[PDB]
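Q:
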Amino acid sequence: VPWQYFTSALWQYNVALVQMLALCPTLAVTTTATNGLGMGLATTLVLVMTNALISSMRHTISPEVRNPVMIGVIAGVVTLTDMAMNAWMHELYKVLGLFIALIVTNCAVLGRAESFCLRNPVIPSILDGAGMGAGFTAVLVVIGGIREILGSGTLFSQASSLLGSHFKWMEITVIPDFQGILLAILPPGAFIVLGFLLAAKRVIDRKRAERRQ
Amino acid sequence: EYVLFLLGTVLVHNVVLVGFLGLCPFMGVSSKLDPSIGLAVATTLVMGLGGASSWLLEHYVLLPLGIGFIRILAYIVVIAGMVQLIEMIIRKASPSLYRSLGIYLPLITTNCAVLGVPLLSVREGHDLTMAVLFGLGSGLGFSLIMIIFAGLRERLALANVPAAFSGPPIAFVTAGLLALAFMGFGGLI
Amino acid sequence: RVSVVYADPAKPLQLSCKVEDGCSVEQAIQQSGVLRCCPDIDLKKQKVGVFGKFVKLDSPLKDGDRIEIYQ
Amino acid sequence: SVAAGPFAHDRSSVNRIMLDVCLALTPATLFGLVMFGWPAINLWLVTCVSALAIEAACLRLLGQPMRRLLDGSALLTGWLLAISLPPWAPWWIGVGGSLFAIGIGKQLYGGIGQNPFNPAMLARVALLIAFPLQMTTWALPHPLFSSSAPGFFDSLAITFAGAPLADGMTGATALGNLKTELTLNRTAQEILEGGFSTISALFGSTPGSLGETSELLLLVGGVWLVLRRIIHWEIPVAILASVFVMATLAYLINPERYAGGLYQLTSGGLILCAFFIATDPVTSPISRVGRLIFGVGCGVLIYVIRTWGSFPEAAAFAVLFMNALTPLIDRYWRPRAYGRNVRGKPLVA
Amino acid sequence: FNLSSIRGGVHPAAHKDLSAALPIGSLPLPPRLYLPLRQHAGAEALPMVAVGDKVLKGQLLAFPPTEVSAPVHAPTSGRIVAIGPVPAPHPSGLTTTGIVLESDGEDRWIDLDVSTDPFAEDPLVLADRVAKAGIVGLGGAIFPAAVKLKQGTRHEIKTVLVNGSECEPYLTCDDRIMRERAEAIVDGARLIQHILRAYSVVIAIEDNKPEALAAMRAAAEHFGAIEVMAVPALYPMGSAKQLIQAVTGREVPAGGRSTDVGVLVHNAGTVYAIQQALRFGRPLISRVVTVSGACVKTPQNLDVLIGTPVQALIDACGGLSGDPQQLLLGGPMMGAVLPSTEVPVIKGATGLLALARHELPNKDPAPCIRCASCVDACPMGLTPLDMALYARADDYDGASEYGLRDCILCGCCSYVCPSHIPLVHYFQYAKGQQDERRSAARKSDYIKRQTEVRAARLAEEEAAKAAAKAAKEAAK
Amino acid sequence: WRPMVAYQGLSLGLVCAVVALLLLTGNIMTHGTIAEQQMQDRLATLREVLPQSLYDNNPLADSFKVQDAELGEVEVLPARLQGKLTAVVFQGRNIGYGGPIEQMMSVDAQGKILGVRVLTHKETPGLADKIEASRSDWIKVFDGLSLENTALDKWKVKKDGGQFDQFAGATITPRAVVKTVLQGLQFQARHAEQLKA
Amino acid sequence: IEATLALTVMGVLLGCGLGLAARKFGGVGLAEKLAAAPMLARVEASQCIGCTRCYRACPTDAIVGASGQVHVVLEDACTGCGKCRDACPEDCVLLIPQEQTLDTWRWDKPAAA
Ligand SMILES: CCCCCCCCCCCCO[C@@H]1O[C@H](CO)[C@@H](O[C@H]2O[C@H](CO)[C@@H](O)[C@H](O)[C@H]2O)[C@H](O)[C@H]1O
Ligand SMILES: CCCCCCCCCCCCO[C@@H]1O[C@H](CO)[C@@H](O[C@H]2O[C@H](CO)[C@@H](O)[C@H](O)[C@H]2O)[C@H](O)[C@H]1O
Ligand SMILES: CCCCCCCCCCCCO[C@@H]1O[C@H](CO)[C@@H](O[C@H]2O[C@H](CO)[C@@H](O)[C@H](O)[C@H]2O)[C@H](O)[C@H]1O
Ligand SMILES: CCCCCCCCCCCCO[C@@H]1O[C@H](CO)[C@@H](O[C@H]2O[C@H](CO)[C@@H](O)[C@H](O)[C@H]2O)[C@H](O)[C@H]1O
Ligand SMILES: CCCCCCCCCCCCO[C@@H]1O[C@H](CO)[C@@H](O[C@H]2O[C@H](CO)[C@@H](O)[C@H](O)[C@H]2O)[C@H](O)[C@H]1O
Ligand SMILES: CCCCCCCCCCCCO[C@@H]1O[C@H](CO)[C@@H](O[C@H]2O[C@H](CO)[C@@H](O)[C@H](O)[C@H]2O)[C@H](O)[C@H]1O
Ligand SMILES: CCCCCCCCCCCCO[C@@H]1O[C@H](CO)[C@@H](O[C@H]2O[C@H](CO)[C@@H](O)[C@H](O)[C@H]2O)[C@H](O)[C@H]1O
Ligand SMILES: CCCCCCCCCCCCO[C@@H]1O[C@H](CO)[C@@H](O[C@H]2O[C@H](CO)[C@@H](O)[C@H](O)[C@H]2O)[C@H](O)[C@H]1O
Ligand SMILES: CCCCCCCCCCCCO[C@@H]1O[C@H](CO)[C@@H](O[C@H]2O[C@H](CO)[C@@H](O)[C@H](O)[C@H]2O)[C@H](O)[C@H]1O
Ligand SMILES: Cc1cc2nc3c(=O)[nH]c(=O)nc-3n(C[C@H](O)[C@H](O)[C@H](O)COP(=O)(O)O)c2cc1C
Ligand SMILES: Cc1cc2nc3c(=O)[nH]c(=O)nc-3n(C[C@H](O)[C@H](O)[C@H](O)CO)c2cc1C
Ligand code: SF4
Ligand code: SF4
Ligand code: SF4
Ligand code: SF4
Ligand code: FES
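Protein chains in written order, with UniProt numbering: chain A, 16 to 228; chain B, 2 to 190; chain C, 2 to 72; chain D, 5 to 353; chain E, 3 to 478; chain F, 32 to 228; chain G, 2 to 26, 75 to 85, 98 to 174.
Given below as structure tokens:
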């Protein structure tokens, strides 16, 4: 079933939680849940489009120059994405800054483009890209939410100004009247949260295996 | 002066602890010291060459022709090509040398640092000398951090870490504490 | 340089002795000292073999041979 | 199961070492507590008790024997963090510091002997980064039973809850004062002529941390520790010599901008870090050349970030950096074997 | 010369003053002796007698099968009753091949082959005379003395060092053997100096034995090149590698013998045994052991025949005055826990300490705190903590890099460990695993070579026979 | 085919040509919108210190460039209602604690300050972040002051003997901000006519 | 246009260079990976009739002996490969695990800390 890849990529093979890939945007743009959600959505789009293009162009890539070809097929797309979200989502583009342009070197993008998109049809590749993007977005949202709660208490702040007023329903407040711990926003707070998330993933995997047994 | 610039790049503005660039190979290979040293040397050379080539391409081709938005593409493409040559040229010329630089070279074809550094340098308007120095300093910072982290993880491998934290998670926690330690150099240069 | 083996199932003995080239099985066994290890060895009665072939006491032996005394 | 030798021992124990370190710290801690009054006592007790409780909880979680609580490795960390803190600090500062040290810095790595970083200094850096306002408010010396220091319940309101310290009870220390007045285009000489006395700063009659103030009782305790063979003189001697030499050279070059020697030594937690904190065995080199390199690096970093840095004192940062550098020092400066050269090849005779 | 200073070492409680007062005692002949056939290093000797034979005191019961071995002589006249399994002085408690001799009680000497003017024959003759005497180096290493002397002859020896610096706690056998028999030890040193053409002998005693020093200086004062030296009172000082550094000042190269620096080391009991063998022809039959500990009524030194059960030694010294928490065969720093009291006394037995509860320290292992007190105490200049870390993780190859090869298991590690860690136990386990791997590899190589040779010879024989048969039928 | 090197070169050239064509089409589509967004961002930043009613012409169209003796070269943006200057907006920089602070001033035509906002700073968060208008009203103190009703003795922090409050545990940053404001007012006073009106 | 031609020239130059270099001279996760009881024979005293089949089928020189009623016996060279098990018509080979002896004794690892 084609839907198997989309479900399996979420937790069994997570880009930033199992394969140890896409760590730069995972740690950098994650001081707020909104930043994580925006970066995840952009990466998911880019992944879907690049997977579709590579799979449609699968039987033409010379084996020895496969990288600079496919990299180009990525790079231009990424460029367009930049020139899109700098023009009609400028508020979010100012926040992400460099890491929206740094999707070409995203290890998850090239890894999925090379490993899966060169030996699968267009539909399975599109579904795999969608699944990887969804897992990446979920991880980014979780990390950003934890860091934002520890730093300011609020969850999903200024979503209306970044993602449009339609998402104004997402601005929720946890721990009202909280100055927050400043270290969570700072770089030292990202590695610790990621390590704790990995430890929690290992613990819940062991417990789920025990329950299944 | 340039010594202060290089020291600021290495310590004050470290490409990993305060830049979050090139973290996947950094976290994947730092379990052993010797591959860490090899990758450090390889990535320093690659970043220097990529910075020089990117500056030449930007200031001699892109800007005079008027196309600047293309730069990203062009940049990475050139870098990719260079890396491939620097692999194959060192896989027949000196087979002995294909054990310290050639083996780890494919790991840094797309690293986010070999591309993050030129894009950052463009915004500062560096000249050719400053661009090459910026690339070399970023490579040196990456190398030093990777070597220290490799030593720490090699010692932790023989320690009694809890079974729910042994491996990658303890490495991430250690990297966070190391960034906290490096945070004291802020504002020095 | 040869070896002498006693195939006694109770106690399998194996010794290594250097003998002059062109020696005989009799002198090789006498030099190897297996007689003093086990006084119940009859060199005229029990079978003496080389690598599983019954041989003669004064038959010449080459280097790397294995004299064996058994039933 | 057979038992293996040797069947003799010198009656050593980690409990004795940690308790002797605490005993060496005792006089300076008493001097600090008497000088600052009841709020210092409240903060110190809270920090130590919270450290012990959190250590017990972490031991319970990991299943380690509870007897590990009796070796004093947690009480010592709590003691050092408490004497490193500002005197009239709120309780949650000490509790959070204890939680961040005993916990992430020590117990998350397995326990005593496994962590790669100094727990107390890790907590100190984390507290300074996270809460800069509470960690940069220094209370003037209000000696216990002096008719001007707050009473018992007033001190309770000062430490627990959030009663403001009023006015005239907080002043600037020495290093921060020098840096600020330098930013006020005043040369380094006029600032020290009318704003610093070496005799009183050496005794400990100046604002500062809880136990850092006195650079004399700390020296006595460190010397006693050296004589008891608990620590090695290499690290303290190297740190102090490096700081003094660099400061003296800077003073001799440009006397109107740099202050060095006695001023650098008798200010900040330099002596406390040199004797009691940089000499942590678990996070220091095991060689002699390694310890010398560790001390020299600590001193150089301390002086550099003191003078040209953005901090008034960087003992914690220097200690953390050298703790990071320690494993390479251990693996590249091993002692020479018996019957072998430095490279490890067998000797030839 | 002048004493140098060794690196590392500890000062454990000597406990030598409660036993080095009474003279060397004697033992009534026990009913039966158990003589293991392997009381030495290297190959095991092969028995020459059968069950029921009558032997005399000094008969050669077992003979060496190869060059590196030592014979076993009958301690007393009697009848052989078993050539089978006997209990062994080992911590494991397993049995070993050995003879059981029923002591007749007559105690009649065999017709010994005495020499004539030992300072007249070439060194090889004296070396083989020592070889046919059972001298095994009563120092702990139980390495045959004949092989050591023969290896010494080939090189150039500039000094014969007599290892009289008894350093183990509770042990005083060397002290009494030097107080009472200084003349014999000096004569043996002169005989060894004749065997190995050397310059001088430098008999060394620790400074906590003033009586031994005075007796030795009184005995050796007319012979010239003989010297008496007073080495410091340090624990790992009796070791050959450390004593050589203390005396000469050089260091024995790693993976090399003491003849490289031109020094030969012999124990103070081995020298006396060599003197006895050369002057009178008496083989190695009895030695001197020390019975001490808080659980023995009267600590003493006993002249014990080889193969005597331990229970007889304990009964001789009054008896167990209480409950012995531990029984050790040797010093507390290198001893082995005896399984039972029926264990015999091999040539390498040095003491039988009966330690009570208040002499044994209590230990509660705790994680290593990296205090580096091990590095300051290791005589070989190693890093014990790293070796323990690698041995606990079963990384023997990495452990050997940090000095597991050069470790001598002296015990100075665990003696100064704040968090009580069985460092020597870890090192012994790691060395055992390495030796097991090495033995397995050696067996694999040997069996593969044997298969190759057997297949090749069988194939060539078959081919030659086939060719001969083909030649025969052609002429038919 | 993947054979002769001609295929590799032709494939890479075709990929580059197609990508370049797409990128140039996208750029010609969106560069005007990007420039409009940047201009709107600049106007939004300006509008926080300059109320709409005061100015009629476009402030970001008649930018001056005045050279003084201390600040160097400035970027005075005028706000003329009907051929008459009513407000001048410029920027000041001065060394703080963590580095230079860049701020904006909106002095009216008579010397009254209409509002000051801090653009770029690297002060310690949680200790000297109150200079921002989104967290504290301290930066809103300067709103009616001038060189007339405030002599050259109250233009300092209270630590130095002035009238402006200092942050609890942070005085260097308020010193720098007040010095920048005073220097801007004195610079306006020096250059008459064009800037003064 | 003047830019597409330049980009195409750079692309064809890179392609030709890579092709010529390949003539003359995956995944990140996989690339990281690249960078980073015995038994012995046994012969009783009755089941061997000297049929010399065990020696006949034994690549190792373990069984020693020939002829009849000689009671051929093994050595230390055995590896339990079983080439003599089926060889014996009377089923004399009795492969057994190796027993523990004093010379094959090793110290046990300490329990824990
Ligand atoms: C060994 C360590 C033991 C720790 C023991 C902790 C005991 C005290 C509990 C923590 C403090 C609870 O006291 C807290 O007071 C504040 C105001 O003062 C109020 O709480 C309010 O502010 C706090 C500030 O973080 C937030 O929870 C929130 O914004 C709001 O609830 C409540 O009254 C109570 O949540
Ligand atoms: C919202 C909470 C999120 C938590 C995120 C951080 C992850 C923490 C979970 C893993 C922590 C490891 O810490 C601790 O590890 C030990 C390993 O000895 C586990 O195991 C421990 O408890 C279990 C019972 O559950 C015992 O059977 C076991 O003998 C004991 O070791 C614990 O269950 C875990 O609590
Ligand atoms: C062992 C339990 C845990 C110890 C650690 C936690 C201790 C925390 C102390 C809580 C203090 C609460 O804060 C403090 O409360 C006390 C009562 O106790 C108030 O004290 C009040 O009652 C006392 C009598 O009891 C009066 O003399 C006093 O004038 C009045 O103010 C203080 O004005 C207030 O500052
Ligand atoms: C390991 C040691 C742990 C140290 C724990 C210290 C806890 C200290 C808590 C003190 C109380 C919290 O702070 C206080 O909260 C309450 C409101 O909730 C109010 O305080 C009031 O109620 C509290 C109980 O709730 C009373 O104990 C107190 O005497 C009274 O004044 C004050 O507004 C605020 O000062
Ligand atoms: C970063 C490493 C260390 C991590 C430490 C763990 C977190 C510890 C708590 C940090 C909370 C910071 O937020 C802090 O919350 C405390 C409550 O605790 C508030 O404290 C408030 O309530 C407490 C009682 O609960 C009163 O005693 C106090 O006077 C009042 O201000 C502080 O005004 C606020 O600054
Ligand atoms: C067991 C170890 C020894 C235990 C010692 C216990 C007693 C120690 C008491 C020392 C504290 C009181 O000693 C001193 O008191 C005075 C008040 O008169 C404080 O303050 C005063 O003296 C200082 C000294 O320059 C001046 O700034 C000024 O005159 C005033 O502030 C001092 O800062 C403090 O150093
Ligand atoms: C390497 C290990 C440590 C060595 C010791 C370190 C001591 C501290 C560093 C001393 C650095 C002094 O730093 C340097 O001082 C000189 C003084 O000549 C200053 O120099 C200034 O004053 C001198 C006169 O004194 C003028 O001639 C010169 O034109 C002017 O620039 C430099 O601007 C400054 O860069
Ligand atoms: C600590 C162990 C290592 C010892 C190493 C010693 C090496 C250097 C020895 C020569 C030191 C010369 O030290 C010199 O002493 C003078 C006073 O004499 C000190 O100077 C002191 O007094 C002057 C005014 O007189 C003050 O402005 C100054 O702040 C103060 O430090 C300086 O520190 C240094 O200029
Ligand atoms: C591993 C050993 C490293 C040894 C390092 C020795 C070099 C460091 C000392 C020489 C540099 C001194 O650096 C000098 O000091 C100040 C802070 O005081 C630095 O920093 C200054 O500028 C920067 C950038 O604007 C901002 O952080 C701020 O304005 C200020 O801190 C300056 O860039 C330089 O003027
Ligand atoms: C740890 C250790 C302890 C030793 N203790 C002694 C000792 O107490 N007495 C002694 O004579 N030799 C001692 N030696 C040295 C050997 O036991 C032996 O004397 C030397 O290697 C050769 O002497 P031999 O040939 O006379 O046995 C010790 C060696 C080591 C390694
Ligand atoms: C001499 C000495 C110095 C110590 N210094 C520190 C220190 O600075 N910080 C700390 O948390 N523990 C310190 N300890 C306690 C012990 O080293 C600490 O528990 C280990 O770091 C735990 O891993 C010290 C102990 C000794 C004996
Ligand atoms: S003596 Fe014990 S605690 Fe000290 S370093 Fe050695 S093993 Fe560690
Ligand atoms: S047992 Fe080995 S490592 Fe330990 S002190 Fe003795 S020689 Fe050194
Ligand atoms: S095969 Fe069996 S019967 Fe034949 S010789 Fe061998 S053991 Fe004896
Ligand atoms: S099992 Fe194999 S090696 Fe062992 S005796 Fe039989 S045939 Fe020989
Ligand atoms: S290194 Fe940056 S995404 Fe992998």
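Don't be surprised by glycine CBs; every beta carbon is placed ideally from N, CA and C.
1) Relative to the alpha-carbon of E208 of chain E, which residue among E:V455, E:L96 and E:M231 has its alpha-carbon at the smallest distance?
2) Does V323 of chain D come out as helix, strand or coil in the three-state DSSP assignment?
3) Quick one: is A85 of chain G near chain A, going by C-beta distance under 8 Å?
4) Can you pull the DSSP bridge partners for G100 of chain E?
5) How many angstroms separate the CA atom of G101 of chain D from the CA atom of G350 of chain E?
6) Would you mind sorting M218 of chain E into buried or exposed? The rule is 16 or more other CB atoms within 10 Å of its CB.
7) Figure out for me which residue from D:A57, D:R72, D:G107 and D:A143 has the closest Cα to the Cα of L89 of chain D.
8) Please compile the residues from chain D whose C-beta is within a distance smaller than 9 Å of the C-beta of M336 of chain E.
9) Take every Cβ of the segment 170-185 of chain F, pair it with every Cβ of the segment 94-105 of chain F, and state whether three or more of those distances are shorter than 8 Å.
10) What does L6 of chain G reach in chain J if we use C-beta pairs closer than 8 Å?
11) Strictly under 8 Å for the Cβ-Cβ distance: is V352 of chain D near chain E by that measure?
12) Tell me which residues share the same chain as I187 of chain A and place their Cβ nearer than 7 Å to its Cβ, disregarding the 5 neighbours each side in the sequence.
13) CA-CA distance, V13 of chain B and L141 of chain B?
14) Residues in the segment 147-160 of chain G with C-beta within 7 Å of chain C's C-beta atoms, listed in sequence order?
15) When the cut-off is 8 Å and only beta carbons count, does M50 of chain E lie next to chain C?
16) Between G215 of chain F and the rest of its own chain, which residues show a CB-CB distance below 6 Å, the 5 nearest in sequence each way excluded?
17) Taking only heavy atoms of ligand 1 into account, decide whether any of them is closer than 7 Å to the Cβ of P139 of chain A.
A: With the structure as the only source:
1) If we check each option's Cα against that of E208 of chain E, E:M231 comes out closest.
2) For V323 of chain D, the three-state secondary structure derived from DSSP is helix.
3) With 8 Å as the cut-off, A85 of chain G does not count as an interface residue toward chain A.
4) For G100 of chain E, which the question treats as bridged, DSSP gives the partners E:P38.
5) CA-CA distance, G101 of chain D to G350 of chain E, rounds to 60 Å.
6) It counts as buried.
7) Answer by Cα proximity: D:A143.
8) Those are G9 and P10, listed as they occur along chain D.
9) Judged by Cβ distances under 8 Å, the segment 170-185 of chain F makes no contact with the segment 94-105 of chain F, as fewer than three pairs qualify.
10) No chain J is part of this structure, whose protein chains are labelled A, B, C, D, E, F and G.
11) Contacts with chain E at 8 Å (Cβ-Cβ) include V352 of chain D.
12) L170 and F171.
13) For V13 of chain B and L141 of chain B, the distance between alpha carbons rounds to 13 Å.
14) Here the close residues number zero.
15) Yes, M50 of chain E lies at the interface with chain C (some Cβ there is under 8 Å from its Cβ).
16) By the criterion of a C-beta distance shorter than 6 Å, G215 of chain F is surrounded in its chain by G123 and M136, once the five residues flanking it on both sides are discounted.
17) Not under cutoff, so the answer is no.
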